[PDB]
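This document starts with two versions of one protein chain, written out as structure tokens and named structure 1 and structure 2.
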Structure 1
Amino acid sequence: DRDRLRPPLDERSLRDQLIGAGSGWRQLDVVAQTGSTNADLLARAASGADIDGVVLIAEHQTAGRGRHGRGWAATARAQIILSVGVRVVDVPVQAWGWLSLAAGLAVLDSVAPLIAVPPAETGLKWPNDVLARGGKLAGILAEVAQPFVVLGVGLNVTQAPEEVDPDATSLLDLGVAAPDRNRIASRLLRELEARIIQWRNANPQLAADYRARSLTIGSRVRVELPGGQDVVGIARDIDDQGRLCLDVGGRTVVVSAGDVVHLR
């Protein structure tokens, strides 16, 4: 399995092209490597640091995660990995579930313009995954540390397969030949900033847009919740609380968050 090299993210470019003036991005760093962009930001938080609008990107990550929960093994520059701090305390606590939803929407937005022709099943899997042709293209990890939330984005641009990562998919696989990570990071952050603003405003557009690109709605899934608990039903729609309206044989189950696995 040969593989290596790849272009490096230019921090100086992303900085002066994304930080300050009008943008809601206060600060940006690129590191060669870390365990979890989320964990580190979660830590600046706990150290006193205002991480509102602070962006942190890793070239490589041993195990994407943080406060609670481990991770897995990946490969260097095979993907875009970044975290952003978001002040959430001014928004109704019942609405925080939408953040991870917005983030996944923002990723898909950043990427779609790259594909010449829409592939098979490619959209959003409630509540944390961006899929393309039924593979995991991107993962979204939302974590809370009042008055903050950290949004982690792991996006498979190059590849870095295939055990984490057990059925994911990289842009290359969707026929994008020479994806520029910098251009992508820049768009993704622009999409993110926008979606966040919407979320803060309780824009109804945010939910319609989500439902519009939802692969989960209309189909039949298994929702893996904490432990060996699993629910199988048909997703009808989501509520204003970013929760899944799940139709289990005629009876509705409203699961807040958790893993899903499209069956139908």
Structure 2
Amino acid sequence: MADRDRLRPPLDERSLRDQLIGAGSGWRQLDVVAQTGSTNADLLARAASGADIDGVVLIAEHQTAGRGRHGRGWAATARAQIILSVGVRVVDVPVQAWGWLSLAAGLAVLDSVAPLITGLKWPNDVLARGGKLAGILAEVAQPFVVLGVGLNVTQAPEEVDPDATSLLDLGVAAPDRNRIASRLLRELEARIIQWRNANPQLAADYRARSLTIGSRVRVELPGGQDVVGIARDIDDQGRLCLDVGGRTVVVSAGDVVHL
């Protein structure tokens, strides 16, 4: 932790940039900032001021007031995660269901760390060995969605959440955050393209990495309510379809427990 903090090199923005260039990337802007309250908040604020955030990438070394979903938090220490948000214009034509972007983002994270090391837990989680390796948050601000990823690279669970894990804690020796980050951006770009095009590979690939689909689950709803059943599928809006004795309960978000 003290030990870890002293062995976490900064990102090399110029090298991230070079990788996007060499690759002919369609990302329109890439910035790394030392610290911010929330990258998601930052891109939403740009959009709100009339900036075109489509294809804008914002990476923060440190994030001091991270957002989870529905009012929960996201914790970090400096240089220990890849903390990034991207803008996506969603009002195209033929309009696709923006609820799939968060799923596409998880998928891209898992594909980016596959070379080094389990799967996607709906709605927001990337798990490895049952621990939370990454969290995904998509926020709509028509005509945009801001899509956020917190990926634990060397972050220790004692620094952020007892149920967290990281690439380092999974046994990856000296993870190269630059190379992972560049790979992540390549895969996010690829999945957003599939999403726009209504390409079926997206949902097929998500299924192939899904921990939730096919599981006995409890869906937990406000008011201490719950519904227990089988996570039958994810629908074309990105929502979980729970089979309860033949009847379908479709939930758009919120908490899901694998039993």
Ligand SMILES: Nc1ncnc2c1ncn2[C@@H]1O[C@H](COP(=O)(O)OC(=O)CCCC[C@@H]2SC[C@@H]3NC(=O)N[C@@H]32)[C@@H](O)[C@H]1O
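The term rigid core refers to the maximal set of C-alpha atoms that superpose within 1.5 Å between the two forms. Start at 1 and count along the sequence of structure 1; that gives the residue numbers used here.
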Form deposited without biotinyl-5-AMP (BT5) - structure 1 or 2: 1
After a rigid core superposition between structures 1 and 2, the exception among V221, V54, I57, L42, its Cα shifting by 2 Å or more, is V221
Indicate whether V164 shows a C-alpha shift of 2 Å or more between structures 1 and 2, with the rigid core used for the fit. yes
After a core superposition, would you say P204 shifts its C-alpha by at least 2 Å between structures 1 and 2? no
Rigid core fitted, then: does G71 show a CA shift of 2 angstroms or greater between structures 1 and 2? yes
Check the Cα of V91 between structures 1 and 2 on a core superposition and give its shift in Å. 5.0
Looking at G20, what is the CA displacement between structures 1 and 2 after core superposition, in angstrom? 9.3
Once you lay the two forms on top of each other by their rigid core, how far has the C-alpha of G233 moved between structures 1 and 2, in Å? 2.6
